[PDB]
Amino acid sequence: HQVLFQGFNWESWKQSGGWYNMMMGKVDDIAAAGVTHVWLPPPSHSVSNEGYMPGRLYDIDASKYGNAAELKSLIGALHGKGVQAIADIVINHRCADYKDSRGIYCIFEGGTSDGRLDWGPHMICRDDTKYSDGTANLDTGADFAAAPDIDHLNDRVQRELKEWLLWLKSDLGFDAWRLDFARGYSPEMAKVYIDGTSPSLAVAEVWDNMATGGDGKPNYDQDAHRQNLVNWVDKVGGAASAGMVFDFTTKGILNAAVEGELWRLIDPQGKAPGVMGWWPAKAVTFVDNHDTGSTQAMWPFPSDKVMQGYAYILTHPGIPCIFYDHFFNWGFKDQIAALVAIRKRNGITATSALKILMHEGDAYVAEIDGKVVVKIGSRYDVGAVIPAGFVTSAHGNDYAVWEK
């Protein structure tokens, strides 16, 4: 049994009294909902309030989310309920606190009295000429324009970041990682940190653009997109590795599929069309996150069909990740809890068997592990396709779930 929960949104840093402190009052509901892992925001001091422009990595007390004490309390509380904590690891780039003799912000400060993470421009990818001194290695991945990109090929960088990561575990209590902008560096570099810090899991944000047709809608065939993701997992270590990926392929397809085009939810082989269909054990599914939904809304899920999104991921293979807003602010708390209960009660896991029974425009009906049947779509009657012995267990707007 494994169910992730993103414990924050793009507005969380603004929370009166501290986000982590507020979250203490949410722990019980999250645990009772069957959640096993809670993804928390970048914990270190960051130039940007949301934390995605970290500077002093060890300076937890400078976070807009709360200080080290408050964070440890939250993680302690989650652990008290058997829930693990995933830290949002942002290491592709990093902001330098001080200027060098060139007037360039490239003198880093780790947050401790010694030289830990006290890097200089030699640790900045040389091809990031806005900050580099030309002495480092070339970036192993894409660049983040607003800040120095870190040369992960640098020996000291690997050593110290790994030491820091282990510190997040031993000192704060974190159990696993969420790798931010993993396209910023190679899967080989991700391998170094994953293999070197033994997290329970390391879900990477490998976000590639999804191919679309002349009408702007994603193509039915998204194999190129999920193949990239499968390849990333293979290169990071495959099955043996704790590494995994957010199922963006499923996210893009599902975004479109619910708009009366549920025929998109199956490939020519009869499997789920996203990563879920090729490597479910490595596919972390989701309806929306702080980037796609929330106040950034880069790729929101049709707001009137969100619960269909959850009926889908919460009953299917792959590791579903619930979004904070949907659970506490949209009023789906009880329905989402009930869907997880169904998943758990039936022993459904990321690798459960998926047998799709119907995949028409306004009706998708699938059977998981021969124990749970789920349906989404505007078509009301699908009773003819419901296997014998199944009885409705949960239902809502354009979705229903049966149990046997």
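Numbering starts at 1 and runs along the sequence shown.
Enquirer: Between 331-339 and 32-40, which has the larger average Cα B-factor in the PDB entry?
Expert: Higher of the two, by average CA B-factor, is 331-339.
Enquirer: On mean C-alpha B-factor from the PDB entry, just flag whether 249-257 or 295-303 is the higher one.
Expert: That would be 295-303.
Enquirer: Going by the CA temperature factor in the entry, name the top one among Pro268, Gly120, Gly309, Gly237.
Expert: It is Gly237.
Enquirer: By the CA temperature factor listed in this entry, which of these ranks top: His225, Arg178, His152, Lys99?
Expert: That would be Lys99, according to the entry.
Enquirer: Could you say whether, by C-alpha temperature factor, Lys282 belongs to the lowest, middle or highest third of its chain?
Expert: It belongs to the lowest third of the chain when residues are ordered by C-alpha B-factor.
Enquirer: Would you mind checking where the Cα B-factor of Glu70 ranks among the modelled residues of its chain, as the lowest, middle or highest third?
Expert: It falls in the bottom third of the chain.
Enquirer: By its CA B factor, does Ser393 count among the lowest, middle or highest third of the modelled residues in the chain?
Expert: Highest third.
Enquirer: Quick check on the deposited entry: does the C-alpha B-factor of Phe8 sit in the lowest, middle or highest third of its chain?
Expert: According to the entry, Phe8 has a C-alpha B-factor in the chain's lowest third.
Enquirer: Rank-wise, by C-alpha B-factor, drop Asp88 into the lowest, middle or highest third of its chain.
Expert: It belongs to the lowest third of the chain when residues are ordered by C-alpha B-factor.
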